[PDB]
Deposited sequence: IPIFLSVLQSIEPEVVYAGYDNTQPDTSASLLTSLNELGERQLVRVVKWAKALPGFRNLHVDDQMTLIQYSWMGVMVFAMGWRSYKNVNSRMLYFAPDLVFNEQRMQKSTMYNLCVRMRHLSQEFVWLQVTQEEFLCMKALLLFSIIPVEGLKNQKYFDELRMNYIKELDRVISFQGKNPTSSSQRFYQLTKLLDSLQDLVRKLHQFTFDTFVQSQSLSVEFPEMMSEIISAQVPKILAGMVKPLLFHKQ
């Protein structure tokens, strides 16, 4: 029987608005700047959520910092894919209720191909018929998806806590025959593994946009700037290890 389902339901963040003026003519600068402002305010809620995930605050605070710095992109992309599934049947990217990317905005963004990939992630939710309960378990697992090559300060406890949430995904799938449930577990964890390559490409584009912030007129708010500076160079340099299920 699932042990964390009611917890994950209760601690799930409410939706964040971008504050975008949709009457203005879109530019790549306005669209990327708005996504960064949305990211900043989502990050505040991701931190509060992670702190309420049982066991997370029992890691060394340095490990807590590291995991949030590594995992915010995956958590936020995955949540956006779910919103796109639930609100627009994955036909557009529902970054926020007031910031929905249609094809025109994907093109104007200067990251069209990455937007297409994020829409294909969203489409996987449709084809797999991902349930809310699966989604919440999968999203919690994304906090545990990347570690330093040299390990965490409390790596043993992290390993055990990660396995506890892997077992929870399995418990939820079974709660909702064993052969079909093992196949379901394979499908959902393969989906999470596939997200790792997309997240890496998004980290590359983030770095490039950050380096070019002034020339592009794309502003990064303070905590996004801090967290990108803290780990995106290390991610690009090969200093982190994705943890794959397969």
- Unmodelled ranges, which are counted on the deposited sequence from position 1 and given in order: 177-178, 249-250
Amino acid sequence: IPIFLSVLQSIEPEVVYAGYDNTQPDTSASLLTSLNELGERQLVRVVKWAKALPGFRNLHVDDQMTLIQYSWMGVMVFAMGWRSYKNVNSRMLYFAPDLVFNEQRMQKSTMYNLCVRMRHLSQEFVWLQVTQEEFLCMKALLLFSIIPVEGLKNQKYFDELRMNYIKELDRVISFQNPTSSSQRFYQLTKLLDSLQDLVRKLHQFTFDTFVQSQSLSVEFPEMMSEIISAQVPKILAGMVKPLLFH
From here on, numbers count along this sequence of modelled residues.
- Message: Please compare 87-95 with 100-108 and say which has the higher mean C-alpha temperature factor in the record.
- Response: 100-108
- 47-55 versus 189-197: which one carries the higher mean Cα B factor per the record? 189-197
- Message: Among the choices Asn36, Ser181, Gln204, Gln64, identify the one whose CA B-factor in the record is greatest.
- Response: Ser181
- Query: Between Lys139, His120, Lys156, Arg162, which carries the biggest CA temperature factor in the record?
  - Reply: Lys156
- Determine, from the deposited record, the chain-internal third of the Cα B-factor for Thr209: lowest, middle or highest. lowest
- Task: Could you say whether, by C-alpha temperature factor, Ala18 belongs to the lowest, middle or highest third of its chain?
- Result: middle
- B-factor third for the C-alpha atom of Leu143 within its chain: lowest
- Query: What third of the chain, by the recorded C-alpha B-factor, contains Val240?
  - Reply: middle
- Item | Among modelled residues of the same chain, the CA temperature factor third for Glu150 | highest
